[PDB]
Each structure stands twice: as C-alpha cells, then as structure tokens.
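Here the structure comes first, spelled out in structure tokens, and everything after it is commentary.
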Amino acid sequence: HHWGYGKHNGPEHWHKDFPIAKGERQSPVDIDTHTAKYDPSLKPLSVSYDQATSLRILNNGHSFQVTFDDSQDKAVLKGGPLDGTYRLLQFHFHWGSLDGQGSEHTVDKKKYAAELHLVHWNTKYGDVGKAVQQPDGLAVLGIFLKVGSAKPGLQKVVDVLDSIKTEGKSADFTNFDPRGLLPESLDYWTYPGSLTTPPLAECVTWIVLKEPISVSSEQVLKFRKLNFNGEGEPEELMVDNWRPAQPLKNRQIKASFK
Ligand SMILES: [Zn+2]
C-alpha cells in the first residue's frame, strides 16, 4: 500500500512505486574512511542560523519534523562544496529500536543511534518544489547521535513530543534555535546523493559531519515512544525509520579534513 518501514511496505519495496530507488545516486551510503579522498579545494562550511525562525513541529507518520520560515534568507548554509545560498526548511530525525542502529549513513559500517537531517534548498530555484527537480537543488546536513551525556539544546524538542504522538498531529514550536544541535567541529564528508524517503529524488548534496553529538538514553527513549499510526488505529511504535545503505556506484566521497 502506502510506503513505510514495515515488512510489507519497507525500503525493499519502494522501487515498485519509485523506480529511482534503484538509481545511480541513491542515499544513504557507507562512508569508507580509508577510501574517502581529502580535497583541499573544499571550503569550510558557513552555517548562519542566528536569525532562524521555527514555526511548527509535526508528526508526519514517518518521522517528526520542525519547520522554519524560508520566505527570506534567515537561516542559510553556504560554502563547503556548495555554490550559492541554501535556506533551511526543516529538520527531522531517523532512529532505531536499540542503541546500535538508527542512523542512515554509516562510517566504516558503524551505525549510530540516530541521525539528524537539516534540509536546505538552493535559492536560485525560487521554491523547494522546483529545487527537488535539480541535481543541485538541496543540501542536507547530516549529524550522527550517539548515546552518552544529554544534549541540553535538544531537550525543548523532546519535551513536546508527547503532544505529537500520532500521525498528523502538529504543534506551535517557536523560538527554537538549531545551533544547539551542532557539534563542535564542522569537518565533513560530502557526496552527491538523494532524498532517503520517497520520492527519493536525486537532488541532494550531502554534507555529513564527522563529529557526532551525544544525547542521553532518556532523550532517545522519548523518540521511541512516538507512533507511526494515527489516533484510533492499532499502536505501532515509530522506531527503525531508517533506510539501509545503498550502492556507491560511480561516486567519490570527499573529505574536508586529513
Ligand atoms: Zn532524513
């Protein structure tokens, strides 16, 4: 039926409705750290999030997402491997049922407990709908989560999750500052890829940060209490909403760091 992460509608099925699932530049991938190429022509990332305006938090039945006002250049990503200015639209997470799985990207086959995606779109295309049709339309910042110490800047998000437990619930979520989710270092790997959910469009420049952030077990536990289902349907916990690594095919992963 409609796609998801279950036995009968999960990632191994998606190609029937979205044939680009078997394409040449699909995501995520395993990052082989010994095969990644240091590229000294890569610039530092510029993350300018001081003027970010968050709007809403929403359970969309496959993750939860925080949406931002992208009507002007408030929260932007520039530099790195990018040409031009990319506006922050939303962030969302992927996570597991257990601490040893949950990330989409892996590093030398290592899985992390979760993965944070900050999705940005190239302002030269005027709106995000147009941007997803272009090979350089989106830039997604990927950040790994490991279980350890708590991340204080994540707590405002975990404390509102009980109010968006089921599919289609949303809530006002203003004045959230996404800088509190970033690691110390902005060293990164980058490669051309795709959205990791349908429609799996091959429009993404991936920027995956080397340094994970730490979250506590109590914080990740709250993610795992969300539901895939709508209110009044049989309860199905929202866990393991990650798509496995795809073949690299004819691509090179570049590193910003030696
Ligand atoms: Zn994602």
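Which residue out of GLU202, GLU211, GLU235 is without any contact (Cβ under 8 Å) to a residue 12 or more places away in the chain and either aromatic (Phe, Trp, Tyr) or part of a loop (DSSP other than H, G, I, E, B) (or both)? When all the criteria are applied, what remains is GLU235. Residues in the range 206-218 that are of a type outside the set (A, V, I, L, M, F, W, C) and either in contact with a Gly (Cβ under 8 Å, 6 or more places away or on another chain) or surrounded by 22 or more Cβ atoms within 10 Å (Cβ to Cβ) (or both): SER214, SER216.
Quick test of your reading of the structure: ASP83 fulfils all but one of (1) over 18 Å from the mean Cα position of the chain (by Cα); (2) within 16 Å of the ligand (Cβ to nearest atom). Name the failing condition by number. Here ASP83 meets the rest and fails (2). The residue of the range 139-180 that is nearest to the chain's Cα centre (by Cα), among those that are among the small types (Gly, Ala, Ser) and within 16 Å of the ligand (Cβ to nearest atom), is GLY142.
Got at least one residue in the range 49-58 being more than 16 Å from the ligand (Cβ to nearest atom), among the acidic types (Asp, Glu) and over 30 Å from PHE228 (Cα atoms)? Yes: the range 49-58 contains one or more residues that are more than 16 Å from the ligand (Cβ to nearest atom), among the acidic types (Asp, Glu) and over 30 Å from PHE228 (Cα atoms).
For the range 104-130, residues that are surrounded by 15 or more Cβ atoms within 10 Å (Cβ to Cβ), in contact (Cβ under 8 Å) with a residue 24 or more places away in the chain and either within 16 Å of the ligand (Cβ to nearest atom) or on the phi > 0 side of the Ramachandran plot (or both) total 14. Annotation: of all residues in the range 1-22 being touching a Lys or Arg at 6+ places or on another chain (Cβ under 9 Å) and in a loop (DSSP other than H, G, I, E, B), the one that is farthest from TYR112 (Cα to Cα) is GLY10.
In summary, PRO11 fulfils each of the numbered conditions (1) surrounded by 14 or more Cβ atoms within 10 Å (Cβ to Cβ); (2) touching a strand residue (DSSP E or B) at 6+ places or on another chain (Cβ under 9 Å) with the single exception of condition (2). Residue count for the range 94-103, restricted to those that are buried (at least 24 other Cβ atoms within 10 Å of the Cβ) and either among the hydrophobic types (A, V, I, L, M, F, W, C) or part of a loop (DSSP other than H, G, I, E, B) (or both): 3. Being farther than 27 Å from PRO40 by Cβ, in contact with a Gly (Cβ under 8 Å, 6 or more places away or on another chain) and either aromatic (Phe, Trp, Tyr) or surrounded by 16 or more Cβ atoms within 10 Å (Cβ to Cβ) (or both) is a condition met by at least one residue of the range 242-253.
None of the figures in this text is laboratory data; all of them are computed from the coordinates on show. As a convention, Cβ positions derive from the backbone with ideal geometry for all residues, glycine included, and neighbour counts pool all protein chains shown.
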